[PDB]
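Asker: Let me give you the complex in parts, starting here:
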Amino acid sequence: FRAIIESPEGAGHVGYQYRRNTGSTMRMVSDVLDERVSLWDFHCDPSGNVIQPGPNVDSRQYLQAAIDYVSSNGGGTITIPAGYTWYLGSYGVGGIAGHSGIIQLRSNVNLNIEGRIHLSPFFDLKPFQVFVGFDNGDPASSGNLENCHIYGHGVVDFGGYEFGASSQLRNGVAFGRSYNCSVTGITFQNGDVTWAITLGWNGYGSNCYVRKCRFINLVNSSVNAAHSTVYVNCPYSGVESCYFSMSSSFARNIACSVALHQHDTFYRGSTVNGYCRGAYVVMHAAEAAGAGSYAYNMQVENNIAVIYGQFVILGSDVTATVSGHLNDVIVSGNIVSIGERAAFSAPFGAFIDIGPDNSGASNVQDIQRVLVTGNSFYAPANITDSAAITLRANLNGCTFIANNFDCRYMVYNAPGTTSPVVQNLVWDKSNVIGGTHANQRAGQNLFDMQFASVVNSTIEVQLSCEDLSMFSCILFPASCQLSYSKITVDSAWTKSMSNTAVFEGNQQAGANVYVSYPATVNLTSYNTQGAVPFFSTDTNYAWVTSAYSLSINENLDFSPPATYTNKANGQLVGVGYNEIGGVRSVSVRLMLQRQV
Amino acid sequence: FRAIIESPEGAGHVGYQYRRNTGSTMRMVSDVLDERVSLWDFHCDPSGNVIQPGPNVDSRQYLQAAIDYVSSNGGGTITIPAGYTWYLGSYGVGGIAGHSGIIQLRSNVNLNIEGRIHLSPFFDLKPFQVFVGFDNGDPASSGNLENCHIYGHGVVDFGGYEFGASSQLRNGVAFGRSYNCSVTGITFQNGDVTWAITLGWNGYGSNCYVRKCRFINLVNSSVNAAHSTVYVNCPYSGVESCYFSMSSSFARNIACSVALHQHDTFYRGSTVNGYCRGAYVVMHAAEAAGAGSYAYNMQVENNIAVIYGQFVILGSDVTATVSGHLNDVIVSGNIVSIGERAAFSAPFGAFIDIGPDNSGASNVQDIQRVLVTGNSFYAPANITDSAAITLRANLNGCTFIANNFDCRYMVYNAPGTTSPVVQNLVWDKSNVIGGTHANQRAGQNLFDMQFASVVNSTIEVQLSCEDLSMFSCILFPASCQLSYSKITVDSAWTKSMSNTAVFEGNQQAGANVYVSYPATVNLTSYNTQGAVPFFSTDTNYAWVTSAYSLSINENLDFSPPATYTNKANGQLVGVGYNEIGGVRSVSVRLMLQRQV
């Protein structure tokens, strides 16, 4: 009996009944203790003696034994205890070896990480994926991971080790073909990794989430090829209320916070600092196996960001046998800025980027039904490479309403690069254009329409302050076709502008182009006393349907017409009034209109 | 002593002091074990022997005993253990019997559901409410439920059983007259039920919430009369970050995700697929006892939905002695689509529906001060029955700003049905109208104003692409009165339209109607050389205050006026210019304006 009690079965001989309640189960202490489980229950030598964790102990095999055992009972939650750091010092074996895996996750087995998990220097200059939910080296032959949650106040620390080679991959949690899996509360820090968390695999998975996590300093070297903190690769999944921070120079050029790569995915309520990019919103044809060829219902909302490159990047692409499509996207309520940097010192600053594929192709995309609304964007005045939208690949539609954009360009694409085919670009008059870059725009077009063609598009320019440095508010080169479009420039703050809208190929003459913009025009009247015609001296107004005065008349003896039409020879003409006769000659600011 | 130790009081004789700290309490093992409690502590036969759960064991009485006992000590949290399925196989007794209750919840007693709870086939074809917080068969004589939280990674499974009769009710959690109650984390699945969760009772309750829950496949038969997944019937309560999915055909016709039925309630950040409806936002007079006759401060924001009928349904109604009012509503940031379906195959597709009462009355409602802003809506091109708003009952105000609506109709109501009285309908120019339904609109009016009357309303139509199939952009039948309103049609993409705005009762002539829209007009001049008048051949322009040219002048020898007014006989008239004399006859596209 003494022997039984001191034995490992002792607690199984000590009776217990909850709160002395006579209606409660007559149990043994061991039954109640068996209701919970921790790493300490597996962190022992072959004789069953507990092993203290530390920098010289590899905890991997013990944590794997705990997970495997709990898995065998239909699941539960293993605690990783507070007040200790648990080092990992070797790779795992079996199915996860193909993924450079350390720990293998299993279905229904949750991890409550309250202490710290820290990679030992065995992993320096090596690939690794700390937690892996695949059960096979080939993800295509992998089983699923279901009902696996990682949560707590603890920490995953990547030991500060740099990558050994750019081709290597490193990850924190790869859930795999993951259904109802989540990470909540955890801080991931101090590394050089590719991703912190990945959700799903090529569309297989569902209901995976990352909530209230922190990601701190996860890129640190020039070796690191690329980094996206959370890659969402299964539908009905997302990231909310997270914090992302980088301090490395390299992060400003390579790091993105989130990738939304399947339908019905979201990125909300998060704060980003020190990253190149905010989010990719993409349908890769190569990733279309699990959930189809369409990324739709994509939501980026209510985030706060300081970045160095582009906030949201839109794209879709193709393989030999699959074509990716991106549609039904909303980007709203975000407040974003380009951090303090030299012009051209990081990838081109943008709120929205329509990005060419990984091979640089701009003629594979199928991006449409995007709404960008109620966001703020700001870039410091020196950052020439800042745009509301860098439209660098084919676009089948994007709508901008009620944003506030305060940067160098509104619409931009580099000339002599790609020549995008643009459809259904809508820029509503309710987009407010800020003045931070006023006086910086010598030689530049606010809306620089460097495309192959534009159709079914609306650009309603409204200034809110003067910028007389700019070459034009909007310019179309002669190589850009323009049809079935509406282009207007409001006259406010434009009286002293030489050029307002510029159509280098006279594209505003098109049958279904509807335009209006201010221009200065010289007119000369006949000498007749009374009602008298005034005609423009130049003949380039054959496209104008009406025009009206934007200038006061300093004269007593006559007045020019208030309104004008045109004539077949391209003159404007209207009827004014000579109180006394005489040939008149005036220079007037007019609002030129065509079909509006 | 051996006997004491092996007895149920044994743990109460084994001393313990935390971490051997001499300043800590000298306790017994049983005291520490008594800090927590699980179902295992009550899941026992009359001799105190533990009973294993399973499909042949009814766990109800044991779980009730646990709840009752914990309640007696001022509360706590009972764990429903992971790795087991706990079947429920009988109804409860007492107060919850009137609600077909299984388990009775009690104040301060939380349930941490980590395992699975599953209904046994005793419940097939029967009503049931799994967890009930009422303590009396008559909710009016019920006490309150306070401080009751249900949370964890577990599951409530409704066993797949169909309803027996349409008149039956089924629910997961009925909190009752519920104050500071919540459900977090739980998956509700595999049923045919009326609701999964209900919060409050006829306005009694407060601070009830449903967060990070999943609701999967909860309608499965033609017997089911109706389904709303969460019914919010107490103020200061809401639903956030939930997932809702249905696969049944019947769900596309009967199921709604959320009902917000009292003031200061919200539905946010959620994803919906396979449902008929997104949310009801309603003040039922019959439900006004607990929190007054007004539903105000109602918020539907940042949701993602694929539905088959209507996204938000607005309503209010009356009883013999109470009148319901709905006001101060915001609908923002939502991205919604009608899923792939045949036209007319499910209830009429809509972003907003102003719905008649349960008896079909359209003259009881008092709905006003609604803001719909920054949402996206899409319906596939074949779905004739798709509208931004189906305005089917009296409306005292609704404001639309900066949305993107891509469907068949903008404003719709069926002719020869209800004749709503409309006030303060505001459709701002910043609403972008998509082109998916271009070419599908033969015989149809984009804004089909099938009302009794319209007052104090604004409709600013702006197209962003051509649709020459439509009969008109906006049409008022002669039975619709129109007064103190502004109606405009921007000219862009309208040059080839026969009809733009149509006023079948010539209602645009009204003293306080402010309109503008394009029209083609034939004019004929006098023969006089010089300044010469042009007059319209038709006499239907007595209401026009000015008009201006939207056409170029192909002539050298003359020009028509740029601008026109009218004359008492209903002609337009303006002054053009004959370089050489002669009677002129032209057909010109004009922008007709009245008081704008």
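Answerer: Looks like it arrived, so ask away. Residues are numbered from 1 along each chain as shown, chains lettered A, B, ... in the order given.
Asker: CA atoms for contacts and neighbours, from now on please.
Answerer: OK.
Asker: quick one, phi psi at residue A:172?
Answerer: Main-chain dihedrals, residue A:172, degrees, to the nearest 10: phi -80, psi -70.
Asker: Could you tell me how many residues sit around it?
Answerer: 25 (other Cα atoms under 10 Å in any protein chain shown).
Asker: cool, and residue A:49?
Answerer: 10.
Asker: Phi first, then psi, for it.
Answerer: Main-chain dihedrals, residue A:49, degrees, to the nearest 10: phi -80, psi 130.
Asker: which ones are touching it?
Answerer: Residue A:49 makes no contacts at all, as judged by Cα atoms under 8 Å, 6 or more residues apart in numbering or on different chains.
Asker: same thing but 10 Å
Answerer: If a contact means Cα atoms under 10 Å, 6 or more residues apart in numbering or on different chains, then residue A:49 has A:42, A:43 as its contacts.
Asker: any idea how far it is from residue A:75?
Answerer: 25 Å (Cα to Cα, to the nearest Å).
Asker: and what of residue A:232?
Answerer: 25 Å.
Asker: try residue A:5
Answerer: Distance from residue A:5 to residue A:75, by Cα to Cα: 29 Å.
Asker: Tell me which of those two has more neighbours.
Answerer: residue A:75 (24 against 14).
Asker: I figured that one was touching residue A:69, is that so?
Answerer: Yes: assessed by Cα atoms under 10 Å, residue A:75 is found in contact with residue A:69 at 8.7 Å.
Asker: buried ones in the longest strand seen in chain A?
Answerer: Secondary structure of chain A per DSSP state E: the longest strand is strand A:513-525. Across strand A:513-525, burial judged by 16 or more other Cα atoms under 10 Å in any protein chain shown covers A:513, A:514, A:515, A:516, A:517, A:518, A:519, A:520, A:521, A:523, A:524, A:525.
Asker: Beyond it, next helix or strand please.
Answerer: Per DSSP states H and E, the first helix or strand lying C-terminal to strand A:513-525 is strand A:530-536.
Asker: Now for the closest residue to residue A:490 other than its chain neighbours: which residues touch it?
Answerer: Ranked by Cα to Cα, 6 or more residues apart in numbering or on different chains and with sequence neighbours excluded, the top spatial neighbour of residue A:490 is residue A:462, at 5.4 Å. Listed by Cα under 10 Å, 6+ apart, the contact set of residue A:462 reads A:428-433, A:473, A:488-494.
Asker: any idea how far residue A:62 is from residue B:467?
Answerer: Distance, residue A:62 to residue B:467, by Cα to Cα: 68 Å.
Asker: Please apply the same query to residue A:52.
Answerer: On the measure of Cα to Cα, residue A:52 and residue B:467 end up 75 Å apart.
Asker: If you count surrounding residues, which of these two has more?
Answerer: The neighbour comparison of residue A:52 against residue B:467 (other Cα under 10 Å) goes to residue B:467, with 23 against 14.
Asker: so the more buried one, which of the three states?
Answerer: Put simply, residue B:467 is coil when judged by DSSP: H, G, I helix; E, B strand; the rest coil.
Asker: what's the nearest residue to it if we skip its chain neighbours?
Answerer: In space, residue B:467 is closest to residue B:438, 4.7 Å off (Cα to Cα, 6+ apart).
Asker: next up, chain C:
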Amino acid sequence: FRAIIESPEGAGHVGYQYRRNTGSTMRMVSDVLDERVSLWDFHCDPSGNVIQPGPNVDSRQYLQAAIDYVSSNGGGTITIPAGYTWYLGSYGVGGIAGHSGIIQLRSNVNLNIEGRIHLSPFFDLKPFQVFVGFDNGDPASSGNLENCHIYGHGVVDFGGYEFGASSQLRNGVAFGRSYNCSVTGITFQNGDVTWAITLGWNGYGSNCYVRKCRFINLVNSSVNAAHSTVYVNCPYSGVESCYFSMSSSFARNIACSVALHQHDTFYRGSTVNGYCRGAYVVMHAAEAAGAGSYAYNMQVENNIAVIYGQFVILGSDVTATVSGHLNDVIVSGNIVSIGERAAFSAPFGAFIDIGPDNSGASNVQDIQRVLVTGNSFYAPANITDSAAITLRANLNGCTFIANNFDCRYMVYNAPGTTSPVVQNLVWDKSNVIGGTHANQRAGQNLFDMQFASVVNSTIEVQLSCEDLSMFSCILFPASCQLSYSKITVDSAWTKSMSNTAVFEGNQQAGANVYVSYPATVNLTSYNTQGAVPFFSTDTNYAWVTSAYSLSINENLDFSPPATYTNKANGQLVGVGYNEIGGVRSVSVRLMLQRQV
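Answerer: To build on what is shown above, here is chain C added in:
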């Protein structure tokens, strides 16, 4: 052995192995029990006998001993047990004494509050701060608090005691110089306090959050000087999904829900009732030590509020050696109302307030790049003191897009008070002005521009119903300079208004002022048959660049011009048509335009 077993070391002699697994650690019961810790482990007399909590027991020393001990082991989570109320009855000692501290928090030591914590009457009429994370009386010499989380279903009750003197301070949780600290789930109630929670100290701290907490009735007396429920004084921190309620009259005059006082801070998804104010968004120079002199990336989104004063208050100020700046702010998606009250009975109602500093100075502020978008605001018709913006101090920019404001004023500042210098105030046409206050505006200007100067501003007024009671839609006194601005009044619902826009100093004549608004003008023609001029009888139109008819022509024999320009003497002039000759005299409603 019997003796050992009954001793405090007994559990350390009883063997245990998890679930009888031969691969598990051979432990003792005490090891498993040592995995968790509660207040009961420290709530004991000097002989180690447990003490029951209650109104006559001071639990403070015991809870401090628990925290100190857990801190010594590298942290963990102490449970404050459910089913008991734990009273605090004395002040703490050491570093927190300077802060009137009760309990001292320590790094990595979390509190899981499931029971109730309640202040005893020792604290009546006294200052107190219940939980304090500073370790020194002087916050400047304090160490940090890291990784401290307070969570659970429990309650902190302040005992209902009033303040003794207005100069006293009271707080719930002062995290101090706080990094990765949070409060989740807790209800704070029944007090008269200054704050419930404060985060950070003068910019020192990071990643502090308050989530899913309730704050109920925390002001109760006329003695209380001021109250803000959560004060956020460190960056990368915020408040989400909280509930705030007050019932006291005094709260309607003194209480604010949140203060956002450092960069990258947020307030989201919360509900407020009974408060004076929603949120301060402020950069105090005096608080600039820890995180710099700029508050930027400030976010107030998706809140629901009933308040009595101002929803968001913007400000910045200076000290002898530091200047505060506020920029890059977003206010979106909020639905707010002024609760039922008499006019002038609480501080002036406002959605946005640009507030002078604590000394009343209006010439210290540097507030710019603010976006206010997609919000709703409502005040009952009797509340004269209600404005979309009360602009009472210097403003360097604020942008309003796509809001719905239904109150007395749109833009307001009291005349004969402060004279703000205003730059970059942008009021887009997409702001919808409600009609609740129609007919209440005798003697009042909808936009009452009571400033020193206005520059680089846009005000686009659009009515949606008639209000003929108002004196004007917009008025500039002669003391307000106006330059490089755009001011328009849409004609809809304005035909019967005497005054639309009023420029008491004729400021619309300015070279870079762009305006348009309706006016009635009397004209007289020459007698000539045919094309004939009409001239205004008054000479105050020297600033007008064009005008056009907003009136029908009731005549057959002639028509006035459709469009007009001006003449140097300030007449308008245009060319109409006399079918028969004769001098004509008409009164016409025109749209007057200047440079637009």
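Asker: Go back to the neighbour count of residue A:49, now with chain C?
Answerer: Neighbours of residue A:49 using other Cα under 10 Å come to 14.
Asker: Contacts for the top helix by length along chain A, please.
Answerer: Assignment by DSSP state H gives helix A:60-72 as the longest helix of chain A. Contacting residues not belonging to helix A:60-72 are listed as A:37-45, A:51, A:75-80, A:86-93, A:102-111, B:83, C:21, C:23-24 [Cα under 10 Å, 6+ apart].
Asker: Write the ChimeraX selection for whichever of these are buried.
Answerer: Isolation of the buried members of the contacts of helix A:60-72 (16+ other Cα under 10 Å) is achieved in ChimeraX through the command below:
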select /A:37,38,39,40,41,42,43,44,75,76,77,78,79,80,86,87,88,89,90,91,92,102,103,104,105,106,107,108,109,110,111 /B:83 /C:23,24
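Asker: Which of the contacts of helix A:60-72 fall within strands?
Answerer: A:37-38, A:76-80, A:86-88, A:102-104, A:109-111.
Asker: now, which of these lie close to chain C?
Answerer: Residues of the ones in strands among the contacts of helix A:60-72 in contact with chain C (Cα under 10 Å from any Cα of the partner chain): A:37, A:38, A:79.
Asker: Residue A:98 falls within a strand, correct?
Answerer: No: according to three-state DSSP, residue A:98 belongs to no strand; its state is helix.
Asker: which ones are touching it?
Answerer: Here residue A:98 is in contact with A:92, A:134, A:135, A:136, A:137, A:138, A:139 (Cα under 10 Å, 6+ apart).
Asker: That one and residue A:198: what is the separation?
Answerer: 16 Å.
Asker: Check residue A:270 too.
Answerer: 17 Å.
Asker: and if you look at residue A:126?
Answerer: For residue A:126, the distance to residue A:198 (Cα to Cα) stands at 19 Å.
Asker: Also residue A:363?
Answerer: Taking Cα to Cα, one finds residue A:363 at 29 Å from residue A:198.
Asker: Those two: which is more packed in?
Answerer: residue A:198 (26 against 16).
Asker: What strands line up against the helix or strand hosting residue A:370, and which way round?
Answerer: Secondary structure assignment for residue A:370, by DSSP H and E: strand A:367-373. Strands adjacent to strand A:367-373 in the sheet, as given by DSSP bridges, are strand A:325-332 (parallel), strand A:398-401 (parallel).
Asker: Redo those strands as JSON lines? Include mean neighbour count.
Answerer: Formatted as JSON lines, the strands paired with strand A:367-373 follow (neighbours: other Cα atoms under 10 Å in any protein chain shown):
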{"stretch": "strand A:325-332", "mean neighbour count": "26"}
{"stretch": "strand A:398-401", "mean neighbour count": "25"}
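Asker: Please tabulate those in CSV, including the columns distance to residue A:558.
Answerer: As requested, these are exported to CSV (distance: least, Cα to Cα, whole Å):
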stretch, distance to residue A:558
strand A:325-332, 54
strand A:398-401, 44
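Asker: Let me know which of those is the nearest to residue A:257.
Answerer: strand A:325-332 (15.4 Å; Cα to Cα).
Asker: Now the helix or strand that that closest one is followed by: buried residues?
Answerer: The helix or strand immediately downstream of strand A:325-332 is strand A:335-338, counting by DSSP H and E. For strand A:335-338, burial by neighbour count (16+ other Cα under 10 Å) applies to A:335, A:336, A:337, A:338.
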